[PDB]
Amino acid sequence: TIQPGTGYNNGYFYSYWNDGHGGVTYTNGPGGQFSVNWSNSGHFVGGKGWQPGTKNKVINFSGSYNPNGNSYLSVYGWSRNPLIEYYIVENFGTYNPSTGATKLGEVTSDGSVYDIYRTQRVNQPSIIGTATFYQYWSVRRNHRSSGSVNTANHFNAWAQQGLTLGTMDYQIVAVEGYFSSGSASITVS
C-alpha cells in the first residue's frame with residue numbers, strides 16, 4: 001500500500017485518502033492503473049486521473065470492481081468558486097448514493113441514461129477546509145466497470161439544470177468505500 005496523500009505516478013495524478021480506521025490498501029500500478037483491496041474498512045477514496053481536470057475530458061476506465069457493501073466507482077472531482085464535489089457514478093455496491101436525494105433531471109451518455117441529483121454537505125471537510133457545499137451526481141442506470149465517460153455531457157446537463165461548476169480542481173476515476181469490503185483494479189486514460 002502507499003501512504004495516503006496525493007502525487008503523480010506514471011503520468012497520472014493520484015489521490016488516496018482514508019479516515020484512519022484501517023482495513024484498506026491502495027496501490028499505484030503501471031500507466032493509469034491502480035488497485036484497492038479492503039476488508040471492514042472505514043471511509044476511503046482513491047484513484048488516478050488529472051490535476052486539474054477539464055470540462056471536456058473523455059475519460060476511459062477499464063477493469064474489475066467487486067464491492068461487498070457500501071462503495072462507489074465514479075469519475076470524481078471538485079471545482080472551486082463555487083466549491084462543488086461531483087460524481088459520475090458508473091457502479092456501486094449496496095447503497096445508491098442518490099437515495100433520498102432531489103432528482104434534477106436525466107442525461108443520456110455513453111450507452112446509458114443517468115439520473116441527476118443535487119445534495120448538500122453541511123460543515124464537512126473539503127479541498128478548502130470545513131465548509132458547506134453542494135454535491136452534483138449523475139448516477140448510471142446500467143452499471144459497469146469499464147467504459148468511456150464524456151464528461152462534457154454531464155457538466156453541460158448539470159449546467160442546463162442550474163448546477164454550476166467553478167474552476168476545476170482534481171478529476172479522477174475513484175473507488176470510494178464506506179465501512180465495507182471489496183477489491184478493485186482499474187486502469188484510467
# chains A, B, ... in the order shown; residues from 1 in each chain; ligands from 1
>>> closest_atom_pairs(of="region 42-141 of chain A", to="region 21-27 of chain A", cutoff="9 Å", atoms="only C-alpha atoms", output="JSON lines")
{"residue": "A:42", "atom": "CA", "partner": "A:21", "partner_atom": "CA", "distance": 5.0}
{"residue": "A:43", "atom": "CA", "partner": "A:21", "partner_atom": "CA", "distance": 7.6}
{"residue": "A:44", "atom": "CA", "partner": "A:24", "partner_atom": "CA", "distance": 7.8}
{"residue": "A:46", "atom": "CA", "partner": "A:26", "partner_atom": "CA", "distance": 7.1}
{"residue": "A:47", "atom": "CA", "partner": "A:26", "partner_atom": "CA", "distance": 8.5}
>>> write_last_selection(atoms="N, CA, C and O atoms", output="tab-separated table (two decimals), in the first residue's frame")
chain	number	residue	atom	x	y	z
A	42	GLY	N	-12.86	1.66	7.02
A	42	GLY	CA	-13.65	2.84	7.30
A	42	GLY	C	-14.01	3.52	5.99
A	42	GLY	O	-14.32	2.87	4.98
A	43	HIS	N	-13.99	4.85	5.99
A	43	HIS	CA	-14.23	5.64	4.79
A	43	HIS	C	-12.91	5.91	4.07
A	43	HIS	O	-11.94	6.34	4.69
A	44	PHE	N	-12.89	5.70	2.75
A	44	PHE	CA	-11.71	6.00	1.94
A	44	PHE	C	-12.14	6.36	0.52
A	44	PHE	O	-13.23	6.00	0.08
A	46	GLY	N	-9.88	6.54	-3.33
A	46	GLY	CA	-8.61	6.52	-4.04
A	46	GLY	C	-8.78	6.35	-5.54
A	46	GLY	O	-9.67	5.64	-5.99
A	47	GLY	N	-7.89	6.96	-6.31
A	47	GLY	CA	-7.80	6.71	-7.73
A	47	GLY	C	-6.89	7.66	-8.46
A	47	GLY	O	-6.18	8.46	-7.86
>>> closest_atom_pairs(of="region 9-75 of chain A", to="region 119-142 of chain A", cutoff="12 Å", atoms="only C-alpha atoms", output="JSON lines")
{"residue": "A:15", "atom": "CA", "partner": "A:127", "partner_atom": "CA", "distance": 11.9}
{"residue": "A:17", "atom": "CA", "partner": "A:127", "partner_atom": "CA", "distance": 11.9}
{"residue": "A:19", "atom": "CA", "partner": "A:125", "partner_atom": "CA", "distance": 11.4}
{"residue": "A:72", "atom": "CA", "partner": "A:139", "partner_atom": "CA", "distance": 10.3}
{"residue": "A:73", "atom": "CA", "partner": "A:139", "partner_atom": "CA", "distance": 10.4}
{"residue": "A:74", "atom": "CA", "partner": "A:139", "partner_atom": "CA", "distance": 9.0}
{"residue": "A:75", "atom": "CA", "partner": "A:138", "partner_atom": "CA", "distance": 9.7}
>>> write_last_selection(atoms="N, CA, C and O atoms", output="compact mmCIF listing (two decimals), in the first residue's frame")
# COMPACT_ATOMS: atom_id res chain seq x y z
N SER A 15 -4.88 10.44 -5.97
CA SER A 15 -5.25 10.80 -4.62
C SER A 15 -5.69 9.55 -3.88
O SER A 15 -6.47 8.75 -4.40
N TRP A 17 -7.05 8.82 0.08
CA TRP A 17 -7.43 9.36 1.36
C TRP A 17 -8.18 8.30 2.14
O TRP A 17 -8.97 7.57 1.57
N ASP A 19 -9.90 7.59 6.43
CA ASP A 19 -10.24 8.16 7.73
C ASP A 19 -9.44 7.58 8.90
O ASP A 19 -9.72 7.88 10.05
N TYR A 72 -18.55 3.06 -4.12
CA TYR A 72 -18.84 3.62 -5.44
C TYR A 72 -17.62 3.50 -6.35
O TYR A 72 -16.49 3.49 -5.89
N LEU A 73 -17.89 3.44 -7.65
CA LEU A 73 -16.89 3.58 -8.71
C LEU A 73 -17.36 4.73 -9.59
O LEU A 73 -18.43 4.65 -10.19
N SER A 74 -16.58 5.82 -9.65
CA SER A 74 -17.06 7.04 -10.28
C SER A 74 -15.94 7.82 -10.94
O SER A 74 -14.78 7.73 -10.54
N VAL A 75 -16.30 8.68 -11.90
CA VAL A 75 -15.50 9.87 -12.18
C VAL A 75 -15.84 10.86 -11.06
O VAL A 75 -17.02 11.14 -10.81
>>> closest_atom_pairs(of="region 18-125 of chain A", to="region 164-188 of chain A", cutoff="6 Å", atoms="only C-alpha atoms", output="CSV")
residue,atom,partner,partner_atom,distance
A:32,CA,A:188,CA,4.6
A:33,CA,A:187,CA,4.0
A:34,CA,A:186,CA,5.6
A:35,CA,A:185,CA,4.3
A:36,CA,A:184,CA,5.2
A:37,CA,A:183,CA,4.4
A:38,CA,A:181,CA,4.9
A:39,CA,A:181,CA,4.1
A:40,CA,A:180,CA,5.0
A:41,CA,A:179,CA,4.8
A:42,CA,A:179,CA,4.3
A:43,CA,A:178,CA,4.3
A:44,CA,A:177,CA,5.4
A:45,CA,A:176,CA,4.3
A:46,CA,A:174,CA,5.2
A:47,CA,A:174,CA,4.3
A:48,CA,A:172,CA,5.0
A:49,CA,A:172,CA,4.1
A:50,CA,A:171,CA,5.3
A:51,CA,A:170,CA,4.3
A:52,CA,A:170,CA,4.7
A:53,CA,A:171,CA,4.8
A:60,CA,A:188,CA,5.6
A:61,CA,A:188,CA,4.6
A:62,CA,A:187,CA,5.2
A:63,CA,A:186,CA,4.6
A:64,CA,A:185,CA,5.3
A:65,CA,A:184,CA,4.3
A:66,CA,A:183,CA,5.2
A:67,CA,A:182,CA,4.1
A:68,CA,A:181,CA,5.1
A:69,CA,A:180,CA,4.8
A:70,CA,A:178,CA,5.5
A:71,CA,A:177,CA,4.1
A:72,CA,A:176,CA,5.1
A:73,CA,A:175,CA,4.8
A:74,CA,A:174,CA,5.5
A:75,CA,A:173,CA,4.5
A:76,CA,A:172,CA,5.4
A:77,CA,A:171,CA,4.3
A:78,CA,A:169,CA,5.3
A:79,CA,A:168,CA,4.3
A:80,CA,A:166,CA,5.2
A:81,CA,A:166,CA,5.0
A:82,CA,A:166,CA,5.0
>>> write_last_selection(atoms="C-alpha atoms", output="PDB file, in the first residue's frame")
ATOM      1  CA  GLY A  32      -3.084   4.623 -15.373  1.00  0.00           C
ATOM      2  CA  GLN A  33      -3.593   1.542 -13.188  1.00  0.00           C
ATOM      3  CA  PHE A  34      -4.469   1.397  -9.515  1.00  0.00           C
ATOM      4  CA  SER A  35      -5.726  -1.314  -7.194  1.00  0.00           C
ATOM      5  CA  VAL A  36      -7.718  -1.175  -3.999  1.00  0.00           C
ATOM      6  CA  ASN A  37      -8.265  -4.028  -1.553  1.00  0.00           C
ATOM      7  CA  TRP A  38     -10.336  -3.549   1.553  1.00  0.00           C
ATOM      8  CA  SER A  39     -11.794  -5.584   4.385  1.00  0.00           C
ATOM      9  CA  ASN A  40     -14.005  -4.000   7.019  1.00  0.00           C
ATOM     10  CA  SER A  41     -12.627  -0.586   6.134  1.00  0.00           C
ATOM     11  CA  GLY A  42     -13.652   2.839   7.299  1.00  0.00           C
ATOM     12  CA  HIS A  43     -14.227   5.642   4.786  1.00  0.00           C
ATOM     13  CA  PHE A  44     -11.709   5.996   1.941  1.00  0.00           C
ATOM     14  CA  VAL A  45     -11.388   7.368  -1.593  1.00  0.00           C
ATOM     15  CA  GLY A  46      -8.614   6.517  -4.044  1.00  0.00           C
ATOM     16  CA  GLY A  47      -7.804   6.713  -7.729  1.00  0.00           C
ATOM     17  CA  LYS A  48      -5.984   8.208 -10.689  1.00  0.00           C
ATOM     18  CA  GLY A  49      -6.572  10.997 -13.162  1.00  0.00           C
ATOM     19  CA  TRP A  50      -5.715  14.645 -13.537  1.00  0.00           C
ATOM     20  CA  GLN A  51      -4.919  17.792 -11.581  1.00  0.00           C
ATOM     21  CA  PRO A  52      -6.562  19.946 -12.762  1.00  0.00           C
ATOM     22  CA  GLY A  53      -9.405  18.293 -14.586  1.00  0.00           C
ATOM     23  CA  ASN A  60     -11.622   5.907 -20.218  1.00  0.00           C
ATOM     24  CA  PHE A  61     -11.612   3.283 -17.472  1.00  0.00           C
ATOM     25  CA  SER A  62     -11.174  -0.474 -17.576  1.00  0.00           C
ATOM     26  CA  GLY A  63     -11.002  -3.324 -15.123  1.00  0.00           C
ATOM     27  CA  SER A  64     -12.729  -5.057 -12.230  1.00  0.00           C
ATOM     28  CA  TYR A  65     -14.743  -3.701  -9.298  1.00  0.00           C
ATOM     29  CA  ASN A  66     -16.064  -6.083  -6.640  1.00  0.00           C
ATOM     30  CA  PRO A  67     -17.513  -4.304  -3.628  1.00  0.00           C
ATOM     31  CA  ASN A  68     -19.106  -6.132  -0.728  1.00  0.00           C
ATOM     32  CA  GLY A  69     -21.094  -3.391   0.988  1.00  0.00           C
ATOM     33  CA  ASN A  70     -21.126   0.359   0.527  1.00  0.00           C
ATOM     34  CA  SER A  71     -18.801   1.574  -2.227  1.00  0.00           C
ATOM     35  CA  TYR A  72     -18.842   3.619  -5.439  1.00  0.00           C
ATOM     36  CA  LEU A  73     -16.892   3.582  -8.712  1.00  0.00           C
ATOM     37  CA  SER A  74     -17.061   7.044 -10.277  1.00  0.00           C
ATOM     38  CA  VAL A  75     -15.499   9.869 -12.176  1.00  0.00           C
ATOM     39  CA  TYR A  76     -14.984  12.060  -9.117  1.00  0.00           C
ATOM     40  CA  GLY A  77     -13.646  15.526  -8.574  1.00  0.00           C
ATOM     41  CA  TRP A  78     -14.051  19.061  -7.363  1.00  0.00           C
ATOM     42  CA  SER A  79     -14.472  22.585  -8.537  1.00  0.00           C
ATOM     43  CA  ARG A  80     -13.637  25.799  -6.703  1.00  0.00           C
ATOM     44  CA  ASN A  81     -15.573  29.067  -6.775  1.00  0.00           C
ATOM     45  CA  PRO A  82     -18.096  27.595  -6.394  1.00  0.00           C
TER      46      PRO A  82
END
>>> select_by_dssp(residues="chain A", states="helix (DSSP H, G or I)", output="number ranges by chain")
A: 151-160
>>> atom_distance(atom1="CA of residue 16 (chain A)", atom2="CA of residue 149 (chain A)")
21.5 Å
>>> select_by_dssp(residues="chain A", states="strand (DSSP E)", output="number ranges by chain")
A: 5-9, 12-18, 24-28, 33-38, 43-50, 58-68, 71-80, 84-92, 102-109, 112-124, 131-140, 147-150, 167-178, 181-188
>>> residues_around(residues="residue 153 (chain A)", least_positions_apart="6", cutoff="8 Å", atoms="only C-alpha atoms", output="list in words")
residues 107, 108 and 109 of chain A
>>> write_last_selection(atoms="N, CA and C atoms", output="CSV table (one decimal), in the first residue's frame")
chain,number,residue,atom,x,y,z
A,107,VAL,N,-29.8,12.6,-18.1
A,107,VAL,CA,-28.9,12.8,-19.3
A,107,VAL,C,-28.5,11.4,-19.8
A,108,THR,N,-28.5,11.3,-21.1
A,108,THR,CA,-28.0,10.1,-21.8
A,108,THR,C,-26.6,10.3,-22.3
A,109,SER,N,-25.7,9.3,-21.9
A,109,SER,CA,-24.4,9.4,-22.3
A,109,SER,C,-23.7,8.1,-22.3
>>> residues_around(residues="residue 110 (chain A)", least_positions_apart="6", cutoff="9 Å", atoms="only C-alpha atoms", output="VMD selection string")
chain A and resid 147 to 150
>>> closest_residue(among="A:28, A:145, A:18, A:99", to="residue 1 (chain A)", atoms="only C-alpha atoms")
A:28
>>> closest_atom_pairs(of="region 52-129 of chain A", to="region 155-160 of chain A", cutoff="12 Å", atoms="only C-alpha atoms", output="CSV")
residue,atom,partner,partner_atom,distance
A:54,CA,A:155,CA,10.2
A:55,CA,A:155,CA,6.9
A:56,CA,A:155,CA,8.4
A:57,CA,A:155,CA,10.4
A:58,CA,A:155,CA,11.9
A:75,CA,A:155,CA,11.8
A:77,CA,A:155,CA,11.9
A:79,CA,A:155,CA,11.4
A:84,CA,A:158,CA,12.0
A:86,CA,A:155,CA,9.7
A:87,CA,A:155,CA,10.5
A:88,CA,A:155,CA,9.7
A:103,CA,A:158,CA,11.4
A:104,CA,A:158,CA,8.2
A:105,CA,A:157,CA,8.2
A:106,CA,A:157,CA,8.0
A:107,CA,A:157,CA,6.5
A:108,CA,A:157,CA,9.4
A:109,CA,A:157,CA,10.4
A:114,CA,A:157,CA,10.5
A:115,CA,A:157,CA,10.6
A:116,CA,A:158,CA,7.6
A:117,CA,A:158,CA,9.0
A:118,CA,A:158,CA,9.4
>>> decode(residues="region 7-144 of chain A", atoms="C-alpha atoms", output="PDB file, in the first residue's frame")
ATOM      1  CA  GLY A   7       1.049  12.947  -6.174  1.00  0.00           C
ATOM      2  CA  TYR A   8       1.905  11.678  -9.622  1.00  0.00           C
ATOM      3  CA  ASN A   9       2.525   8.132 -10.744  1.00  0.00           C
ATOM      4  CA  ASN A  10       3.370   7.058 -14.295  1.00  0.00           C
ATOM      5  CA  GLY A  11       1.952  10.245 -15.770  1.00  0.00           C
ATOM      6  CA  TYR A  12      -1.267  10.371 -13.727  1.00  0.00           C
ATOM      7  CA  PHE A  13      -2.298  12.397 -10.746  1.00  0.00           C
ATOM      8  CA  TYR A  14      -3.469  10.227  -7.880  1.00  0.00           C
ATOM      9  CA  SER A  15      -5.248  10.803  -4.621  1.00  0.00           C
ATOM     10  CA  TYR A  16      -5.603   8.310  -1.776  1.00  0.00           C
ATOM     11  CA  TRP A  17      -7.433   9.358   1.364  1.00  0.00           C
ATOM     12  CA  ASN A  18      -8.796   7.435   4.292  1.00  0.00           C
ATOM     13  CA  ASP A  19     -10.237   8.156   7.729  1.00  0.00           C
ATOM     14  CA  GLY A  20      -7.621   6.166   9.646  1.00  0.00           C
ATOM     15  CA  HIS A  21      -9.912   3.258  10.601  1.00  0.00           C
ATOM     16  CA  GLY A  22      -7.776   0.621   8.901  1.00  0.00           C
ATOM     17  CA  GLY A  23      -8.740  -2.179   6.536  1.00  0.00           C
ATOM     18  CA  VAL A  24      -7.867  -0.642   3.181  1.00  0.00           C
ATOM     19  CA  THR A  25      -4.810  -0.717   0.943  1.00  0.00           C
ATOM     20  CA  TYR A  26      -4.257   1.234  -2.249  1.00  0.00           C
ATOM     21  CA  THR A  27      -1.515   0.667  -4.825  1.00  0.00           C
ATOM     22  CA  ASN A  28      -0.447   2.501  -7.938  1.00  0.00           C
ATOM     23  CA  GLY A  29       0.450   0.325 -10.921  1.00  0.00           C
ATOM     24  CA  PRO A  30       1.815   0.855 -14.424  1.00  0.00           C
ATOM     25  CA  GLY A  31       0.379   3.655 -16.545  1.00  0.00           C
ATOM     26  CA  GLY A  32      -3.084   4.623 -15.373  1.00  0.00           C
ATOM     27  CA  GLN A  33      -3.593   1.542 -13.188  1.00  0.00           C
ATOM     28  CA  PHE A  34      -4.469   1.397  -9.515  1.00  0.00           C
ATOM     29  CA  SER A  35      -5.726  -1.314  -7.194  1.00  0.00           C
ATOM     30  CA  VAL A  36      -7.718  -1.175  -3.999  1.00  0.00           C
ATOM     31  CA  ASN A  37      -8.265  -4.028  -1.553  1.00  0.00           C
ATOM     32  CA  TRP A  38     -10.336  -3.549   1.553  1.00  0.00           C
ATOM     33  CA  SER A  39     -11.794  -5.584   4.385  1.00  0.00           C
ATOM     34  CA  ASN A  40     -14.005  -4.000   7.019  1.00  0.00           C
ATOM     35  CA  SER A  41     -12.627  -0.586   6.134  1.00  0.00           C
ATOM     36  CA  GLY A  42     -13.652   2.839   7.299  1.00  0.00           C
ATOM     37  CA  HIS A  43     -14.227   5.642   4.786  1.00  0.00           C
ATOM     38  CA  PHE A  44     -11.709   5.996   1.941  1.00  0.00           C
ATOM     39  CA  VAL A  45     -11.388   7.368  -1.593  1.00  0.00           C
ATOM     40  CA  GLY A  46      -8.614   6.517  -4.044  1.00  0.00           C
ATOM     41  CA  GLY A  47      -7.804   6.713  -7.729  1.00  0.00           C
ATOM     42  CA  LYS A  48      -5.984   8.208 -10.689  1.00  0.00           C
ATOM     43  CA  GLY A  49      -6.572  10.997 -13.162  1.00  0.00           C
ATOM     44  CA  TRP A  50      -5.715  14.645 -13.537  1.00  0.00           C
ATOM     45  CA  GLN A  51      -4.919  17.792 -11.581  1.00  0.00           C
ATOM     46  CA  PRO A  52      -6.562  19.946 -12.762  1.00  0.00           C
ATOM     47  CA  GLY A  53      -9.405  18.293 -14.586  1.00  0.00           C
ATOM     48  CA  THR A  54     -11.150  19.806 -17.574  1.00  0.00           C
ATOM     49  CA  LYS A  55     -14.754  20.331 -18.633  1.00  0.00           C
ATOM     50  CA  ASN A  56     -14.480  18.393 -21.904  1.00  0.00           C
ATOM     51  CA  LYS A  57     -12.372  15.378 -20.976  1.00  0.00           C
ATOM     52  CA  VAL A  58     -13.271  11.946 -22.304  1.00  0.00           C
ATOM     53  CA  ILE A  59     -12.182   9.563 -19.544  1.00  0.00           C
ATOM     54  CA  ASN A  60     -11.622   5.907 -20.218  1.00  0.00           C
ATOM     55  CA  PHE A  61     -11.612   3.283 -17.472  1.00  0.00           C
ATOM     56  CA  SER A  62     -11.174  -0.474 -17.576  1.00  0.00           C
ATOM     57  CA  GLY A  63     -11.002  -3.324 -15.123  1.00  0.00           C
ATOM     58  CA  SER A  64     -12.729  -5.057 -12.230  1.00  0.00           C
ATOM     59  CA  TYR A  65     -14.743  -3.701  -9.298  1.00  0.00           C
ATOM     60  CA  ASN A  66     -16.064  -6.083  -6.640  1.00  0.00           C
ATOM     61  CA  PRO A  67     -17.513  -4.304  -3.628  1.00  0.00           C
ATOM     62  CA  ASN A  68     -19.106  -6.132  -0.728  1.00  0.00           C
ATOM     63  CA  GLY A  69     -21.094  -3.391   0.988  1.00  0.00           C
ATOM     64  CA  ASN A  70     -21.126   0.359   0.527  1.00  0.00           C
ATOM     65  CA  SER A  71     -18.801   1.574  -2.227  1.00  0.00           C
ATOM     66  CA  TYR A  72     -18.842   3.619  -5.439  1.00  0.00           C
ATOM     67  CA  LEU A  73     -16.892   3.582  -8.712  1.00  0.00           C
ATOM     68  CA  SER A  74     -17.061   7.044 -10.277  1.00  0.00           C
ATOM     69  CA  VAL A  75     -15.499   9.869 -12.176  1.00  0.00           C
ATOM     70  CA  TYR A  76     -14.984  12.060  -9.117  1.00  0.00           C
ATOM     71  CA  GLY A  77     -13.646  15.526  -8.574  1.00  0.00           C
ATOM     72  CA  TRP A  78     -14.051  19.061  -7.363  1.00  0.00           C
ATOM     73  CA  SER A  79     -14.472  22.585  -8.537  1.00  0.00           C
ATOM     74  CA  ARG A  80     -13.637  25.799  -6.703  1.00  0.00           C
ATOM     75  CA  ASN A  81     -15.573  29.067  -6.775  1.00  0.00           C
ATOM     76  CA  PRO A  82     -18.096  27.595  -6.394  1.00  0.00           C
ATOM     77  CA  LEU A  83     -16.860  24.722  -4.280  1.00  0.00           C
ATOM     78  CA  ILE A  84     -18.531  21.564  -5.596  1.00  0.00           C
ATOM     79  CA  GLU A  85     -17.812  17.874  -5.093  1.00  0.00           C
ATOM     80  CA  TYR A  86     -19.099  15.870  -8.063  1.00  0.00           C
ATOM     81  CA  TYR A  87     -19.642  12.274  -9.113  1.00  0.00           C
ATOM     82  CA  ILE A  88     -20.439  10.481 -12.354  1.00  0.00           C
ATOM     83  CA  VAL A  89     -21.200   7.113 -10.783  1.00  0.00           C
ATOM     84  CA  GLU A  90     -20.649   4.114 -13.045  1.00  0.00           C
ATOM     85  CA  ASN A  91     -21.162   1.363 -10.465  1.00  0.00           C
ATOM     86  CA  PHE A  92     -21.815   0.947  -6.738  1.00  0.00           C
ATOM     87  CA  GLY A  93     -22.364  -1.657  -4.039  1.00  0.00           C
ATOM     88  CA  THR A  94     -25.183  -1.876  -1.515  1.00  0.00           C
ATOM     89  CA  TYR A  95     -26.056   1.854  -1.494  1.00  0.00           C
ATOM     90  CA  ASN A  96     -27.169   4.062  -4.353  1.00  0.00           C
ATOM     91  CA  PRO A  97     -25.725   7.441  -3.292  1.00  0.00           C
ATOM     92  CA  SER A  98     -28.784   9.253  -4.654  1.00  0.00           C
ATOM     93  CA  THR A  99     -31.122   7.555  -2.170  1.00  0.00           C
ATOM     94  CA  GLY A 100     -33.414  10.232  -0.792  1.00  0.00           C
ATOM     95  CA  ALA A 101     -31.803  12.943  -2.942  1.00  0.00           C
ATOM     96  CA  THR A 102     -33.587  15.522  -5.049  1.00  0.00           C
ATOM     97  CA  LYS A 103     -33.661  14.498  -8.695  1.00  0.00           C
ATOM     98  CA  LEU A 104     -32.607  17.332 -11.007  1.00  0.00           C
ATOM     99  CA  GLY A 105     -33.012  15.619 -14.396  1.00  0.00           C
ATOM    100  CA  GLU A 106     -31.687  12.911 -16.693  1.00  0.00           C
ATOM    101  CA  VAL A 107     -28.896  12.769 -19.252  1.00  0.00           C
ATOM    102  CA  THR A 108     -28.035  10.075 -21.783  1.00  0.00           C
ATOM    103  CA  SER A 109     -24.351   9.441 -22.329  1.00  0.00           C
ATOM    104  CA  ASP A 110     -22.031   6.624 -23.272  1.00  0.00           C
ATOM    105  CA  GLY A 111     -24.682   3.941 -23.598  1.00  0.00           C
ATOM    106  CA  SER A 112     -26.949   4.628 -20.621  1.00  0.00           C
ATOM    107  CA  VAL A 113     -29.389   7.058 -19.122  1.00  0.00           C
ATOM    108  CA  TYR A 114     -28.118   8.699 -15.932  1.00  0.00           C
ATOM    109  CA  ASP A 115     -30.250  10.295 -13.259  1.00  0.00           C
ATOM    110  CA  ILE A 116     -29.022  13.675 -11.996  1.00  0.00           C
ATOM    111  CA  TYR A 117     -29.197  14.769  -8.340  1.00  0.00           C
ATOM    112  CA  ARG A 118     -28.023  17.539  -6.058  1.00  0.00           C
ATOM    113  CA  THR A 119     -27.208  17.067  -2.367  1.00  0.00           C
ATOM    114  CA  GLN A 120     -25.604  19.290   0.267  1.00  0.00           C
ATOM    115  CA  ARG A 121     -22.788  18.652   2.729  1.00  0.00           C
ATOM    116  CA  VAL A 122     -23.009  20.835   5.831  1.00  0.00           C
ATOM    117  CA  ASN A 123     -19.837  21.810   7.688  1.00  0.00           C
ATOM    118  CA  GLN A 124     -17.867  18.910   6.220  1.00  0.00           C
ATOM    119  CA  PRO A 125     -14.267  18.501   5.097  1.00  0.00           C
ATOM    120  CA  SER A 126     -13.372  19.753   1.626  1.00  0.00           C
ATOM    121  CA  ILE A 127     -10.455  20.747  -0.559  1.00  0.00           C
ATOM    122  CA  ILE A 128     -10.586  24.247   1.050  1.00  0.00           C
ATOM    123  CA  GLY A 129     -11.307  23.246   4.649  1.00  0.00           C
ATOM    124  CA  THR A 130     -14.509  22.666   6.565  1.00  0.00           C
ATOM    125  CA  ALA A 131     -17.396  24.051   4.514  1.00  0.00           C
ATOM    126  CA  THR A 132     -20.992  23.767   3.434  1.00  0.00           C
ATOM    127  CA  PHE A 133     -21.181  22.899  -0.256  1.00  0.00           C
ATOM    128  CA  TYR A 134     -23.247  21.162  -2.887  1.00  0.00           C
ATOM    129  CA  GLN A 135     -22.547  17.808  -4.480  1.00  0.00           C
ATOM    130  CA  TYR A 136     -23.645  17.012  -8.022  1.00  0.00           C
ATOM    131  CA  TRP A 137     -24.393  13.451  -9.135  1.00  0.00           C
ATOM    132  CA  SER A 138     -25.012  11.623 -12.361  1.00  0.00           C
ATOM    133  CA  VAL A 139     -25.881   8.015 -11.470  1.00  0.00           C
ATOM    134  CA  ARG A 140     -25.645   5.496 -14.307  1.00  0.00           C
ATOM    135  CA  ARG A 141     -28.665   3.205 -14.620  1.00  0.00           C
ATOM    136  CA  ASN A 142     -26.683   0.442 -16.322  1.00  0.00           C
ATOM    137  CA  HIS A 143     -23.796  -0.450 -14.062  1.00  0.00           C
ATOM    138  CA  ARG A 144     -20.370  -1.253 -15.487  1.00  0.00           C
TER     139      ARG A 144
END
